[PDB]
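> Following this message is one structure expressed as structure tokens.
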Amino acid sequence: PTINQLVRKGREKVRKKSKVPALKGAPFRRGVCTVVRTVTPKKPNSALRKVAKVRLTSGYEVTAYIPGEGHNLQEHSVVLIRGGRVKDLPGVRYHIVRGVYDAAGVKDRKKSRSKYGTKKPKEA
Amino acid sequence: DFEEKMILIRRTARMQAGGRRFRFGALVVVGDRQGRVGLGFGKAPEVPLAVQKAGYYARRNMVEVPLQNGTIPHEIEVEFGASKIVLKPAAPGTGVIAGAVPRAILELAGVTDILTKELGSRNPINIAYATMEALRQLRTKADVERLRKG
Amino acid sequence: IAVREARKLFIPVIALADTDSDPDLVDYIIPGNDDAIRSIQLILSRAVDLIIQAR
Amino acid sequence: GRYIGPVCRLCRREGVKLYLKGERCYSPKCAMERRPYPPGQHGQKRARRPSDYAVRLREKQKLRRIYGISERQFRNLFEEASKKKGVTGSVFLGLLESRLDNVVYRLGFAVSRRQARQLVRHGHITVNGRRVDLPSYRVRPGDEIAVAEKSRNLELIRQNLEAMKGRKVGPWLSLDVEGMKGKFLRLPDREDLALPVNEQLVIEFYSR
Amino acid sequence: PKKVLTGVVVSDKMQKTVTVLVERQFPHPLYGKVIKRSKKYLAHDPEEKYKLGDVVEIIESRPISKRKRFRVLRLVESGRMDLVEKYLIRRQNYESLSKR
Amino acid sequence: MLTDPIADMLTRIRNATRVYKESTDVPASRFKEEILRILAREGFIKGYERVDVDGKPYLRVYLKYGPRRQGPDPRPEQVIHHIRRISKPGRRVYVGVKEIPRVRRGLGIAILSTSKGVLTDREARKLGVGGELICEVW
RNA sequence: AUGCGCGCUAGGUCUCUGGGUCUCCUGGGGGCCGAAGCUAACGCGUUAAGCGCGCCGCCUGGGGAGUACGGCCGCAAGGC
RNA sequence: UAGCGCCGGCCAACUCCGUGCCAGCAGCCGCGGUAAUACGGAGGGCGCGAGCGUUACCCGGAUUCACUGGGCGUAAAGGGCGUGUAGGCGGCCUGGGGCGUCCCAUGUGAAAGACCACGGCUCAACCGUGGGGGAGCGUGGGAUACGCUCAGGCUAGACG
Ligand SMILES: [Zn+2]
């Protein structure tokens with residue numbers, strides 16, 4: 001456009017929208033698990049992905065994902081939610097930190113222990 | 001006598017009477033790191049033959065580059081199709097700041113210090129052609145004076 | 001086509017060009033008629049005589 | 001701290017006779033004279049053509065491992081050199097050679113940069129008649145790098161300085177062997193160092 | 001020093017008061033184009049010797065009223081009515097800019 | 001209508017140059033002739049003179065080219081490759097002494113309308129004055 | 001599927017309408033090829049989609065959606 | 001005291017077993033149905049190192065709001081068409097003003113932060129002492145080319 005048009009109207013700045021609205025601008029939220037249900041991937045993938053349903057310290061209540069091999073998630077477990085989205089499952093936008101509040105680190109991990117929080121295995 | 005460099009191997013397919021028939025194309029840069037650069041694009045049913053054809057084409061199609069202190073006399077910007085390149089002179093001890101294609105092309109030129117930016121479309125072939133054109137469109141003080149003053 | 005090929009290989013072009021011709025593609029040009037056999041014969045004869053003499 | 005562990009494995013990986021292990025890397029045991037291929041299960045296979053990033057990273061790693069300092073310190077030195085004036089490569093190489101440990105190694109008080117680092121850290125070395133015990137200390141032209149009066153009778157320094165008799169030290173360094181003391185004359189030039197590194201790749205690496 | 005502005009009288013419908021439209025030009029902060037703006041100042045005149053379409057000159061002064069802080073110094077040029085009707089038409093265009 | 005005379009002159013020069021004419025005509029003006037003399041001094045044009053066309057003052061500009069090139073496309077190299085107009089009606093561009101651009105590392109020229117007449121970038125820097133930035137030529 | 005106004009950049013050919021000294025020159029309007037040039041390409045090309053200037057109106061991934069809410073205009077269907 | 005991440009391409013690091021669309025990985029493309037360098041574990045390797053990863057937010061990459069630096073025949077984008085208000089823009093030649101514009105001097109632009117130099121903590125972080133730079137705005141003076149304004153003319157635009 002002309003300089004006059006730019007003076008009169010100008011350019012509008014683009015606004016980013018958060019992909020994790022439930023967190024309310026926090027890295028993590030502590031929630032309470034309600035329903036532990038397995039579901040199916042989108043299309044090319046076929047599995048039984050474990051999904052929790054959690055009510056957070058915020059006003060929100062959103063579906064989560066449980067990463068690892070095995071979990072001890074009950075219907076009343078108090079757990080910390082995390083960022084990250086699963087491409088397969090249509091609706092989940094959050095992960096779970098394994099081994100913080102009620103959840104425990106998936107047993108006998110040996111390679112990637114920072115994720116799936118597990119203590120260093122004692123060798124003898 | 002001349003150094004050879006590889007840009008890309010791409011495999012293209014044409015349909016036939018119920019079947020896919022392939023062909024290979026190679027973009028190759030040929031230079032001597034003294035101010036001579038050659039770029040060739042060769043299509044052949046096989047990768048070795050494509051490379052050979054590209055080398056041949058590059059050897060035929062050569063450009064002289066007017067270097068000084070291992071850099072470009074003046075800044076330039078050239079658009080080739082929907083792709084734009086920018087070249088700028090740089091002080092000694094800067095390095096070749098470029099993408100894969102411009103860095104590869106300017107390395108064999110003997111250029112040591114340059115600032116570049118790839119704009120518009122970023123098709124490697126078009127970028128390479130734009131770079132070659134930009135190199136072809138460089139003038140020194142002597143050339144400018146000879147044109148103007150005579 | 002021949003003119004184009006001569007351009008490609010840096011071979012100087014001599015032509016007996018006429019009204020409907022492009023002077024730019026010809027380095028050494030003879031502006032004359034390319035029809036009317038008389039003219040063609042005259043120019044070619046003179047040129048060939050000069051070539052023979054210059055051997 | 002710094003890198004602690006095997007040495008000539010780096011010689012192999014870089015594929016150049018890196019003089020890191022003192023004297024053994026001179027005698028036919030540098031692992032370059034025998035088994036000169038990179039370490040690992042696939043060390044002796046046909047290697048694919050390295051990428052631009054691969055080449056630049058290898059160059060930077062080789063240069064860093066020559067001096068054996070932290071990556072953070074290397075980055076800091078690069079930034080300091082870049083922010084300075086003159087040619088970035090030349091200034092960087094000059095700054096890297098100003099380290100006290102490296103100067104000690106160059107003078108011949110030690111057989112290796114690591115041994116020189118240990119000698120500096122343990123306080124055997126003195127600058128301008130004052131004890132300095134920091135490997136990362138930067139020296140200036142016209143500084144006296146000498147051995148402490150306590151460490152003068154050590155067998156290590158004795159053999160080191162006797163073996164340096166009739167041996168030519170760097171042009172920018174002057175050594176008074178009998179006095180067990182040395183001098184820093186000027187910043188070393190690009191040509192002065194016989195480093196198998198093209199600093200342009202280092203500049204290009206840190207550019208991205 | 002005290003700020004001095006120049007403008008055209010566009011109102012005299014008040015006792016001992018006139019409305020002066022001060023004109024300002026300045027380059028745009030971003031687009032560099034020279035931009036032209038205007039502002040209205042209530043000026044104090046005790047003698048009522050100034051009329052519409054008079055180019056006057058004002059000076060910063062101690063407050064007289066809520067919106068009065070300027071006094072009239074000198075008449076520069078008179079009968080510049082063109083500016084006055086320009087202002088009036090610009091102002092009168094507003095009725096045609098409503099919604100209801 | 002015709003809103004910008006100097007832009008018109010630049011466009012005329014460019015258009016005539018791109019078709020390898022020996023001459024071009026532009027309506028006469030003092031500012032135009034000043035620009036023309038500045039261009040001629042730097043050896044961008046062969047020359048100019050004031051002619052009369054159908055009872056109206058005109059300026060005839062003589063264009064300069066390089067030698068006839070070898071091989072395909074034997075058209076001569078241009079002397080004026082690129083001529084833009086910087087300060088246009090509706091957006092005036094002014095620069096101080098510290099902000100006079102260097103065009104093509106000095107291989108080109110920037111023509112300024114300074115308080116001390118129409119100068120180039122070099123003359124403006126030497127004298128130490130700035131003004132309206134008219135055009136850049138390289 | 002091409003906003004308006006003005007200026008510059010080879011021509012060839014067919015038409016409508018004027019003027020002159022009437023094989024032809026000179027204006028205006030409508031088509032078809034095509035220099036330079038432009039474009040992702042198709043193509044445009046003195047009736048530019050070329051080279052420039054001034055002003056205006058719009059665009060910022062696809063759906064959801066010309067939908068919902070709010071406002072304005074109509075008898076209504078509906079329109080912005 | 002030596003740990004942490006990674007080894008399909010981006011992006012530096014490859015083999016053997018368990019596995020058979022299950023368990024699972026994933027930032028994107030996607031990998032897994034018995035010969036997986038992509039899943040799990042080993043050996044090896046790469047990167048950093050008293051740290052290494054993950055999540056949240058900002059900038060960049062994004063020339064993807066484009067003033068520097070975009071576009072509207074067919075990709076998203078010319079208003080259905082006129083007349084016209086405010087506004088924006090504007091022929092040639094002289095003269096007066098110096099509002100924009102340019103230049104010089106000067107006041108301000110606190111300290112701390114940024115830059116340069118030299119120094120004190122054994123080095124560094126940190127700090128100290130000097131020196132500049134600094135968008136902008138007052139104040140005094142100078143210039144008139146281009147905008148502006150004013151006065152007098154011209155016919156190439158426009159109108160009759
Ligand atoms: Zn070794």
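Residue numbering restarts at 1 for every chain of the structure tokens, chains are lettered A, B, ... in their displayed order, and ligands are numbered from 1 as they appear.
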List every residue of chain D that has an atom at most 12 Å from any atom of ligand 1, and for each one report the closest atom pair and its distance in Å to one decimal, counting only C-alpha atoms and all ligand atoms, with rows sorted by chain and then by increasing residue number, as JSON lines.

```
{"residue": "D:6", "atom": "CA", "partner": "ligand 1", "partner_atom_place_in_ligand_line": "1 (Zn)", "distance": 10.1}
{"residue": "D:7", "atom": "CA", "partner": "ligand 1", "partner_atom_place_in_ligand_line": "1 (Zn)", "distance": 6.8}
{"residue": "D:8", "atom": "CA", "partner": "ligand 1", "partner_atom_place_in_ligand_line": "1 (Zn)", "distance": 4.1}
{"residue": "D:9", "atom": "CA", "partner": "ligand 1", "partner_atom_place_in_ligand_line": "1 (Zn)", "distance": 7.5}
{"residue": "D:10", "atom": "CA", "partner": "ligand 1", "partner_atom_place_in_ligand_line": "1 (Zn)", "distance": 7.6}
{"residue": "D:11", "atom": "CA", "partner": "ligand 1", "partner_atom_place_in_ligand_line": "1 (Zn)", "distance": 4.9}
{"residue": "D:12", "atom": "CA", "partner": "ligand 1", "partner_atom_place_in_ligand_line": "1 (Zn)", "distance": 7.5}
{"residue": "D:13", "atom": "CA", "partner": "ligand 1", "partner_atom_place_in_ligand_line": "1 (Zn)", "distance": 10.5}
{"residue": "D:14", "atom": "CA", "partner": "ligand 1", "partner_atom_place_in_ligand_line": "1 (Zn)", "distance": 10.4}
{"residue": "D:15", "atom": "CA", "partner": "ligand 1", "partner_atom_place_in_ligand_line": "1 (Zn)", "distance": 9.8}
{"residue": "D:16", "atom": "CA", "partner": "ligand 1", "partner_atom_place_in_ligand_line": "1 (Zn)", "distance": 8.5}
{"residue": "D:17", "atom": "CA", "partner": "ligand 1", "partner_atom_place_in_ligand_line": "1 (Zn)", "distance": 5.9}
{"residue": "D:18", "atom": "CA", "partner": "ligand 1", "partner_atom_place_in_ligand_line": "1 (Zn)", "distance": 5.7}
{"residue": "D:19", "atom": "CA", "partner": "ligand 1", "partner_atom_place_in_ligand_line": "1 (Zn)", "distance": 6.1}
{"residue": "D:20", "atom": "CA", "partner": "ligand 1", "partner_atom_place_in_ligand_line": "1 (Zn)", "distance": 6.4}
{"residue": "D:21", "atom": "CA", "partner": "ligand 1", "partner_atom_place_in_ligand_line": "1 (Zn)", "distance": 6.3}
{"residue": "D:22", "atom": "CA", "partner": "ligand 1", "partner_atom_place_in_ligand_line": "1 (Zn)", "distance": 8.8}
{"residue": "D:23", "atom": "CA", "partner": "ligand 1", "partner_atom_place_in_ligand_line": "1 (Zn)", "distance": 9.3}
{"residue": "D:24", "atom": "CA", "partner": "ligand 1", "partner_atom_place_in_ligand_line": "1 (Zn)", "distance": 7.3}
{"residue": "D:25", "atom": "CA", "partner": "ligand 1", "partner_atom_place_in_ligand_line": "1 (Zn)", "distance": 4.5}
{"residue": "D:26", "atom": "CA", "partner": "ligand 1", "partner_atom_place_in_ligand_line": "1 (Zn)", "distance": 8.0}
{"residue": "D:27", "atom": "CA", "partner": "ligand 1", "partner_atom_place_in_ligand_line": "1 (Zn)", "distance": 9.6}
{"residue": "D:28", "atom": "CA", "partner": "ligand 1", "partner_atom_place_in_ligand_line": "1 (Zn)", "distance": 9.5}
{"residue": "D:29", "atom": "CA", "partner": "ligand 1", "partner_atom_place_in_ligand_line": "1 (Zn)", "distance": 7.3}
{"residue": "D:30", "atom": "CA", "partner": "ligand 1", "partner_atom_place_in_ligand_line": "1 (Zn)", "distance": 3.6}
{"residue": "D:31", "atom": "CA", "partner": "ligand 1", "partner_atom_place_in_ligand_line": "1 (Zn)", "distance": 5.6}
{"residue": "D:32", "atom": "CA", "partner": "ligand 1", "partner_atom_place_in_ligand_line": "1 (Zn)", "distance": 6.5}
{"residue": "D:33", "atom": "CA", "partner": "ligand 1", "partner_atom_place_in_ligand_line": "1 (Zn)", "distance": 9.1}
{"residue": "D:34", "atom": "CA", "partner": "ligand 1", "partner_atom_place_in_ligand_line": "1 (Zn)", "distance": 10.3}
{"residue": "D:35", "atom": "CA", "partner": "ligand 1", "partner_atom_place_in_ligand_line": "1 (Zn)", "distance": 11.2}
{"residue": "D:36", "atom": "CA", "partner": "ligand 1", "partner_atom_place_in_ligand_line": "1 (Zn)", "distance": 9.6}
{"residue": "D:38", "atom": "CA", "partner": "ligand 1", "partner_atom_place_in_ligand_line": "1 (Zn)", "distance": 11.9}
{"residue": "D:65", "atom": "CA", "partner": "ligand 1", "partner_atom_place_in_ligand_line": "1 (Zn)", "distance": 11.9}
{"residue": "D:66", "atom": "CA", "partner": "ligand 1", "partner_atom_place_in_ligand_line": "1 (Zn)", "distance": 11.2}
{"residue": "D:112", "atom": "CA", "partner": "ligand 1", "partner_atom_place_in_ligand_line": "1 (Zn)", "distance": 11.7}
```
> Create the file for the chosen residues now, containing N, CA, C and O atoms and written as a tab-separated table (two decimals), in the first residue's frame.

```
chain	number	residue	atom	x	y	z
D	6	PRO	N	41.39	-41.44	28.46
D	6	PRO	CA	42.30	-41.80	27.37
D	6	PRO	C	42.60	-40.64	26.41
D	6	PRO	O	41.80	-39.72	26.27
D	7	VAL	N	43.77	-40.71	25.77
D	7	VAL	CA	44.34	-39.58	25.05
D	7	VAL	C	44.44	-39.90	23.55
D	7	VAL	O	43.84	-39.19	22.74
D	8	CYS	N	45.22	-40.93	23.20
D	8	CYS	CA	45.54	-41.20	21.80
D	8	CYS	C	44.31	-41.64	21.01
D	8	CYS	O	44.35	-41.68	19.78
D	9	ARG	N	43.20	-41.93	21.71
D	9	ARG	CA	41.91	-42.14	21.07
D	9	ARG	C	41.48	-40.87	20.33
D	9	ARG	O	40.87	-40.96	19.27
D	10	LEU	N	41.81	-39.71	20.90
D	10	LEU	CA	41.55	-38.43	20.26
D	10	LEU	C	42.46	-38.26	19.05
D	10	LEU	O	42.00	-37.78	18.02
D	11	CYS	N	43.73	-38.69	19.17
D	11	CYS	CA	44.66	-38.74	18.05
D	11	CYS	C	43.99	-39.48	16.89
D	11	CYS	O	44.00	-39.00	15.75
D	12	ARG	N	43.38	-40.64	17.19
D	12	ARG	CA	42.78	-41.50	16.18
D	12	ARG	C	41.54	-40.85	15.57
D	12	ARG	O	41.41	-40.81	14.35
D	13	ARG	N	40.64	-40.34	16.43
D	13	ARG	CA	39.38	-39.77	15.98
D	13	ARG	C	39.62	-38.58	15.06
D	13	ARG	O	39.01	-38.50	13.99
D	14	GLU	N	40.52	-37.67	15.46
D	14	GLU	CA	40.85	-36.50	14.67
D	14	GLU	C	41.63	-36.88	13.41
D	14	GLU	O	41.58	-36.17	12.41
D	15	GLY	N	42.35	-38.01	13.48
D	15	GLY	CA	43.11	-38.54	12.35
D	15	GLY	C	44.38	-37.74	12.05
D	15	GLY	O	44.87	-37.76	10.93
D	16	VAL	N	44.89	-37.04	13.07
D	16	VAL	CA	46.11	-36.25	12.97
D	16	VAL	C	46.95	-36.52	14.22
D	16	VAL	O	46.41	-36.77	15.30
D	17	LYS	N	48.28	-36.48	14.06
D	17	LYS	CA	49.24	-36.70	15.13
D	17	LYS	C	49.15	-35.57	16.15
D	17	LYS	O	49.97	-34.64	16.14
D	18	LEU	N	48.15	-35.65	17.03
D	18	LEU	CA	47.98	-34.68	18.10
D	18	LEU	C	49.00	-34.97	19.19
D	18	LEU	O	49.01	-36.06	19.75
D	19	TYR	N	49.87	-33.99	19.46
D	19	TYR	CA	50.94	-34.14	20.43
D	19	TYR	C	50.42	-33.79	21.82
D	19	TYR	O	50.60	-32.68	22.31
D	20	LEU	N	49.78	-34.78	22.46
D	20	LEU	CA	49.07	-34.58	23.71
D	20	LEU	C	49.74	-35.34	24.86
D	20	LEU	O	49.61	-34.93	26.01
D	21	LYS	N	50.43	-36.44	24.54
D	21	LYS	CA	50.88	-37.38	25.56
D	21	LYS	C	52.38	-37.27	25.82
D	21	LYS	O	53.00	-38.21	26.32
D	22	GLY	N	52.96	-36.10	25.51
D	22	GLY	CA	54.34	-35.82	25.88
D	22	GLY	C	55.35	-36.40	24.90
D	22	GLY	O	55.63	-35.80	23.87
D	23	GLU	N	55.89	-37.58	25.25
D	23	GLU	CA	57.00	-38.18	24.52
D	23	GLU	C	56.59	-39.45	23.78
D	23	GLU	O	57.15	-39.75	22.73
D	24	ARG	N	55.62	-40.19	24.34
D	24	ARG	CA	55.17	-41.45	23.76
D	24	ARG	C	54.61	-41.22	22.35
D	24	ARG	O	54.74	-42.08	21.49
D	25	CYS	N	54.00	-40.05	22.13
D	25	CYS	CA	53.44	-39.70	20.84
D	25	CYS	C	54.53	-39.27	19.84
D	25	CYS	O	54.22	-39.03	18.67
D	26	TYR	N	55.79	-39.18	20.29
D	26	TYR	CA	56.94	-39.00	19.42
D	26	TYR	C	57.49	-40.34	18.95
D	26	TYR	O	57.69	-40.55	17.76
D	27	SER	N	57.76	-41.24	19.92
D	27	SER	CA	58.20	-42.60	19.65
D	27	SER	C	57.08	-43.35	18.92
D	27	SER	O	55.92	-42.96	19.03
D	28	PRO	N	57.38	-44.43	18.16
D	28	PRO	CA	56.35	-45.14	17.39
D	28	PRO	C	55.29	-45.85	18.24
D	28	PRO	O	55.15	-47.07	18.16
D	29	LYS	N	54.55	-45.07	19.04
D	29	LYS	CA	53.50	-45.58	19.91
D	29	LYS	C	52.32	-44.61	20.00
D	29	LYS	O	51.41	-44.84	20.79
D	30	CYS	N	52.32	-43.56	19.16
D	30	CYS	CA	51.31	-42.51	19.20
D	30	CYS	C	49.93	-43.03	18.78
D	30	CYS	O	48.96	-42.28	18.81
D	31	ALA	N	49.87	-44.31	18.38
D	31	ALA	CA	48.70	-44.95	17.80
D	31	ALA	C	48.40	-44.39	16.40
D	31	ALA	O	47.39	-44.75	15.79
D	32	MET	N	49.30	-43.54	15.89
D	32	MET	CA	49.26	-43.11	14.50
D	32	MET	C	50.14	-44.01	13.64
D	32	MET	O	49.82	-44.28	12.49
D	33	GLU	N	51.26	-44.48	14.23
D	33	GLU	CA	52.18	-45.38	13.56
D	33	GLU	C	51.57	-46.77	13.43
D	33	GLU	O	51.86	-47.49	12.48
D	34	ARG	N	50.71	-47.14	14.40
D	34	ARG	CA	49.98	-48.40	14.37
D	34	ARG	C	48.50	-48.11	14.61
D	34	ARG	O	48.17	-47.26	15.43
D	35	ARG	N	47.64	-48.85	13.90
D	35	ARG	CA	46.19	-48.73	13.95
D	35	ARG	C	45.76	-47.26	13.91
D	35	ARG	O	45.25	-46.73	14.90
D	36	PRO	N	45.96	-46.52	12.79
D	36	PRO	CA	45.67	-45.08	12.76
D	36	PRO	C	44.22	-44.71	12.47
D	36	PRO	O	43.89	-43.53	12.34
D	38	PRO	N	40.05	-44.37	13.22
D	38	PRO	CA	39.31	-43.88	14.39
D	38	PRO	C	38.88	-45.03	15.31
D	38	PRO	O	38.71	-46.15	14.86
D	65	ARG	N	40.94	-29.64	21.45
D	65	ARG	CA	41.61	-30.76	22.10
D	65	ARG	C	43.12	-30.60	22.06
D	65	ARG	O	43.82	-31.21	22.87
D	66	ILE	N	43.63	-29.78	21.12
D	66	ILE	CA	45.05	-29.43	21.08
D	66	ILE	C	45.44	-28.78	22.40
D	66	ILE	O	46.46	-29.13	22.99
D	112	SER	N	54.19	-32.07	28.40
D	112	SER	CA	52.85	-32.03	27.84
D	112	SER	C	52.06	-30.87	28.45
D	112	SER	O	52.40	-30.38	29.53
```
> What are the nearest atom pairs, with distances in Å to one decimal, for all residues of segment 46-132 of chain F that come at most 7 Å from segment 21-37 of chain F, using only C-alpha atoms, set out by chain and rising residue number as CSV?

```
residue,atom,partner,partner_atom,distance
F:57,CA,F:28,CA,5.5
F:58,CA,F:28,CA,4.6
F:59,CA,F:28,CA,5.3
F:60,CA,F:25,CA,4.6
F:61,CA,F:24,CA,5.2
F:62,CA,F:23,CA,4.8
F:63,CA,F:22,CA,5.7
F:118,CA,F:34,CA,6.9
```
> For those residues, write N, CA and C atoms to a file as a short mmCIF file (atom, residue, chain, number, x, y, z; two decimals), in the first residue's frame.

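Saved to again_12.cif:
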```
data_model
loop_
_atom_site.label_atom_id
_atom_site.label_comp_id
_atom_site.auth_asym_id
_atom_site.auth_seq_id
_atom_site.Cartn_x
_atom_site.Cartn_y
_atom_site.Cartn_z
N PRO F 57 10.82 24.49 -25.02
CA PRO F 57 12.18 24.14 -24.59
C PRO F 57 12.29 22.67 -24.21
N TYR F 58 13.29 22.00 -24.78
CA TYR F 58 13.58 20.60 -24.51
C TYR F 58 15.07 20.42 -24.24
N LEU F 59 15.40 19.34 -23.53
CA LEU F 59 16.78 18.93 -23.31
C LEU F 59 17.01 17.58 -23.98
N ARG F 60 17.97 17.55 -24.91
CA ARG F 60 18.34 16.34 -25.62
C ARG F 60 19.53 15.69 -24.90
N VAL F 61 19.36 14.41 -24.56
CA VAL F 61 20.36 13.66 -23.80
C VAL F 61 20.98 12.62 -24.73
N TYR F 62 22.31 12.56 -24.71
CA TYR F 62 23.07 11.59 -25.50
C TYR F 62 23.55 10.47 -24.60
N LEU F 63 23.21 9.23 -24.97
CA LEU F 63 23.45 8.06 -24.15
C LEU F 63 24.76 7.39 -24.56
N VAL F 118 23.30 21.37 -6.13
CA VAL F 118 23.14 19.94 -6.33
C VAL F 118 24.53 19.30 -6.38
#
```
> Could you state the separation of atom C1' of residue 26 of chain H and atom CA of residue 67 of chain A in Å, given to one decimal place?
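These atoms are spaced 11.7 Å apart.
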> What does the distance between atom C1' of residue 123 of chain H and atom CA of residue 91 of chain D come to in Å, to one decimal place?
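Atom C1' of residue 123 of chain H sits 19.6 Å away from atom CA of residue 91 of chain D.
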> Give me, as number ranges by chain, the residues of chain C that a backbone DSSP run labels alpha helix (DSSP H).
C: 2-8, 37-53
> Would you export the selected residues with N, CA, C and O atoms as a compact mmCIF listing (two decimals), in the first residue's frame, please?

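File produced: result-v2.txt:
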```
# COMPACT_ATOMS: atom_id res chain seq x y z
N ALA C 2 21.87 -21.30 -38.74
CA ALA C 2 23.30 -21.25 -38.99
C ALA C 2 23.91 -20.03 -38.30
O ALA C 2 24.99 -20.13 -37.71
N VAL C 3 23.20 -18.89 -38.36
CA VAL C 3 23.64 -17.65 -37.74
C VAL C 3 23.73 -17.84 -36.23
O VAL C 3 24.73 -17.46 -35.62
N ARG C 4 22.70 -18.47 -35.64
CA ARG C 4 22.63 -18.73 -34.21
C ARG C 4 23.81 -19.61 -33.78
O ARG C 4 24.47 -19.31 -32.79
N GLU C 5 24.07 -20.67 -34.56
CA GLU C 5 25.15 -21.60 -34.27
C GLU C 5 26.50 -20.90 -34.33
O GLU C 5 27.36 -21.15 -33.48
N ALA C 6 26.67 -20.03 -35.33
CA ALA C 6 27.90 -19.26 -35.49
C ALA C 6 28.09 -18.31 -34.30
O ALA C 6 29.23 -18.11 -33.87
N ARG C 7 26.99 -17.75 -33.78
CA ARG C 7 27.03 -16.91 -32.60
C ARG C 7 27.52 -17.71 -31.40
O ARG C 7 28.35 -17.22 -30.64
N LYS C 8 27.01 -18.94 -31.26
CA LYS C 8 27.26 -19.77 -30.08
C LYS C 8 28.74 -20.10 -29.94
O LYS C 8 29.24 -20.21 -28.82
N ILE C 37 19.06 -12.76 -58.69
CA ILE C 37 20.26 -13.57 -58.91
C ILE C 37 21.48 -12.72 -59.29
O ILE C 37 22.59 -13.02 -58.86
N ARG C 38 21.25 -11.66 -60.08
CA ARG C 38 22.28 -10.74 -60.52
C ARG C 38 23.13 -10.25 -59.35
O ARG C 38 24.35 -10.32 -59.41
N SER C 39 22.46 -9.76 -58.29
CA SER C 39 23.12 -9.18 -57.13
C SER C 39 23.94 -10.22 -56.38
O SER C 39 25.09 -9.96 -56.02
N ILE C 40 23.36 -11.41 -56.18
CA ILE C 40 24.02 -12.50 -55.46
C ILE C 40 25.29 -12.88 -56.21
O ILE C 40 26.35 -13.00 -55.60
N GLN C 41 25.17 -13.03 -57.54
CA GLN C 41 26.28 -13.41 -58.41
C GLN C 41 27.39 -12.37 -58.32
O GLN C 41 28.55 -12.73 -58.19
N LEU C 42 27.01 -11.08 -58.39
CA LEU C 42 27.97 -9.99 -58.37
C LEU C 42 28.78 -10.03 -57.07
O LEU C 42 30.01 -10.03 -57.12
N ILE C 43 28.08 -10.09 -55.93
CA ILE C 43 28.72 -10.00 -54.62
C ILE C 43 29.63 -11.21 -54.41
O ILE C 43 30.79 -11.04 -54.01
N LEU C 44 29.12 -12.41 -54.70
CA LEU C 44 29.86 -13.64 -54.47
C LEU C 44 31.08 -13.71 -55.39
O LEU C 44 32.15 -14.12 -54.95
N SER C 45 30.91 -13.29 -56.65
CA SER C 45 32.01 -13.28 -57.62
C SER C 45 33.13 -12.36 -57.15
O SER C 45 34.29 -12.76 -57.15
N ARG C 46 32.77 -11.14 -56.72
CA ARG C 46 33.74 -10.17 -56.25
C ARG C 46 34.49 -10.70 -55.03
O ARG C 46 35.71 -10.61 -54.97
N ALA C 47 33.74 -11.28 -54.08
CA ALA C 47 34.32 -11.81 -52.85
C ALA C 47 35.29 -12.95 -53.15
O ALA C 47 36.38 -12.98 -52.59
N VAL C 48 34.89 -13.85 -54.06
CA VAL C 48 35.69 -15.02 -54.40
C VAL C 48 36.96 -14.59 -55.13
O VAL C 48 38.03 -15.16 -54.89
N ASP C 49 36.84 -13.58 -56.00
CA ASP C 49 37.99 -13.01 -56.70
C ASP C 49 38.98 -12.42 -55.70
O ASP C 49 40.19 -12.62 -55.85
N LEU C 50 38.47 -11.72 -54.67
CA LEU C 50 39.30 -11.14 -53.64
C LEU C 50 40.00 -12.24 -52.83
O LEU C 50 41.16 -12.07 -52.45
N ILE C 51 39.29 -13.35 -52.58
CA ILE C 51 39.83 -14.47 -51.82
C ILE C 51 40.97 -15.11 -52.61
O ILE C 51 42.03 -15.38 -52.05
N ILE C 52 40.74 -15.34 -53.92
CA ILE C 52 41.72 -15.96 -54.80
C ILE C 52 42.97 -15.09 -54.88
O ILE C 52 44.08 -15.60 -54.76
N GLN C 53 42.77 -13.77 -55.04
CA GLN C 53 43.86 -12.81 -55.17
C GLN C 53 44.69 -12.76 -53.89
O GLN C 53 45.90 -12.54 -53.95
```
> When you get a sec, could you note down which chain G residues fall within 12 Å of chain C, using only C-alpha atoms (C1' of nucleotides), as a VMD selection string?
chain G and resid 11 to 12 35
> Select from chain E everything DSSP, run on the backbone, classes as strand (DSSP E), then give the selection as JSON, numbers by chain.
{"E": [4, 5, 6, 7, 8, 9, 10, 11, 12, 13, 14, 17, 18, 19, 20, 21, 22, 23, 24, 25, 26, 27, 34, 35, 36, 37, 38, 39, 40, 41, 42, 43, 44, 54, 55, 56, 57, 58, 59, 60, 68, 69, 70, 71, 72, 73, 74, 75, 76, 77, 78]}
> Write out as a ChimeraX atom specification the residues lying within 9 Å of residue 93 of chain E, counting only C-alpha atoms (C1' of nucleotides) and excluding same-chain residues fewer than 4 positions away.
/E:88-89,97 /H:85-86
